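Beneath this line is the structure, given in structure tokens, with notes to follow.
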Amino acid sequence: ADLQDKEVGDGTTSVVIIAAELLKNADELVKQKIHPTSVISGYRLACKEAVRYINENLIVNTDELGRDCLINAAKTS
Amino acid sequence: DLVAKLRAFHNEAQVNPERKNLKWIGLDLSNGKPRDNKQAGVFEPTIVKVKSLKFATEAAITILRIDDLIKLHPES
Amino acid sequence: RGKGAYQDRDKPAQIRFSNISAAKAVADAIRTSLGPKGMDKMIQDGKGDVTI
Ligand SMILES: Nc1ncnc2c1ncn2[C@@H]1O[C@H](COP(=O)(O)OP(=O)(O)O)[C@@H](O)[C@H]1O
Ligand SMILES: [Mg+2]
């Protein structure tokens, strides 16, 4: 959480929640005799594609919104 | 119900090429129903989600790599 | 001929057996962390420092 605060400043609660959930669901697979290397390899692939998917289909260019984008971004936080 | 309804909208957007506007649907916590968050003005910086996924995955990977703990008793 | 040296003292055999048992215990402890499918160990010192 501290690292997220220094390098981003927001999403600090989300990153702790996601990481704990990621570990909880991964351990369920390990209990099913899935090797941790397979789980780790799968998690690494999913993280790469999630970033790639976000950058290609879920981003909005702020130049199309003007000043209202900054206020909405600030208001949301 | 809300997650299922939210997931249903997002499933439609991915499988239907002409319903791509449903990607922006999020949650309206005030009323408890899906809502187009791009129009509603609920935005986040892209780096917040991207860095969260990278950092959470590495933290989860680090713990998942452990299967043995040796806890030496303090000298005192 | 027949019998040989009695070897009255038994301590050397016990020492050898204990040495072998300790070495085998260490090897079996670290066996799990070998190869591409081996996992890591977390060791917490007396001072509290943690290493993986
Ligand atoms: N007006 C809103 N309507 C719906 N969801 C929102 C709204 N504002 C914020 N959210 C969501 O609520 C979450 C709150 O995050 P927050 O806990 O403030 O961040 P952090 O993890 O840094 O503490 C955000 O992930 C955001 O997606
Ligand atoms: Mg926040």
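If you go along the chain as it appears here, the first residue is 1 and each next one adds 1.
Placed from the backbone N, Cα and C atoms, the Cβ positions cover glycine too.
Annotated omega-N-methylarginine per Swiss-Prot: C:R1, in sequence order. If you take the C-beta of C:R1 (omega-N-methylarginine) and look for same-chain residues 6 or more apart in sequence within under 8 angstroms, you find none.
Per Swiss-Prot, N6-acetyllysine is recorded for C:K3, and the stated evidence type is similarity to another entry. When secondary structure is read from DSSP and collapsed to three states, C:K3 (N6-acetyllysine) falls in the coil class.
Long-range C-beta contacts of C:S18 (phosphoserine), restricted to its own chain and to partners at least six residues apart, with a cutoff below 8 Å, are absent. According to Swiss-Prot, the feature phosphoserine maps to C:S18, an assignment based on a large-scale study or a structure entry.
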What is the number of other Cβ atoms found within 10 Å of the Cβ of C:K3 (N6-acetyllysine)? 5
